[PDB]
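Asks: Structure of the sequence below:
(chains A and B)
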Protein chains: 2
Amino acid sequence: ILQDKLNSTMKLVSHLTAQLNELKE
Amino acid sequence: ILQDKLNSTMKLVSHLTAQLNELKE
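Replies: Numbering: from 1, shown residues only, chains lettered A, B, ... in the order given. Structure data below:
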């Protein structure tokens, strides 16, 4: 359960990174 | 306390996701 939460957080972080990159472009 | 912090972080992540989706739209 801890690791599923960790990986959901990582996915959210990746989504934020991708949206920031899209804004950059 | 750890789990309340976890859930606040999850809520913040969900808010970021929703705002990113709104920007997409």
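Asks: Point me to the residue of chain A nearest chain B.
Replies: As assessed by C-beta to the nearest C-beta, chain B sits closest to residue A:12 within chain A, at 3.9 Å. For every residue, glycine as well, the C-beta is placed using N, CA and C.
Asks: Residue numbers of chain A in contact with chain B?
Replies: Taking C-beta under 8 Å from any C-beta of the partner chain, the part of chain A that reaches chain B is made up of A:5, A:8, A:9, A:12, A:15, A:16, A:19.
Asks: about what we covered before: what residues are up against the residue of chain A closest to chain B?
Replies: With contact set as C-beta atoms under 8 Å, 6 or more residues apart in numbering or on different chains, residue A:12 has these partners: B:13, B:16, B:17.
Asks: And residue A:19, by the same measure?
Replies: With C-beta under 8 Å, 6+ apart, residue A:19 has these contacts: B:20, B:23, B:24.
Asks: Please identify, among those residues, the one with the most neighbours.
Replies: For the contacts of residue A:19, the largest neighbour count, defined by other C-beta atoms under 10 Å in any protein chain shown, is 18 neighbours, found at residue B:20.
Asks: Can you show me the helices along chain A?
Replies: For chain A, applying DSSP state H gives helices covering A:2-24.
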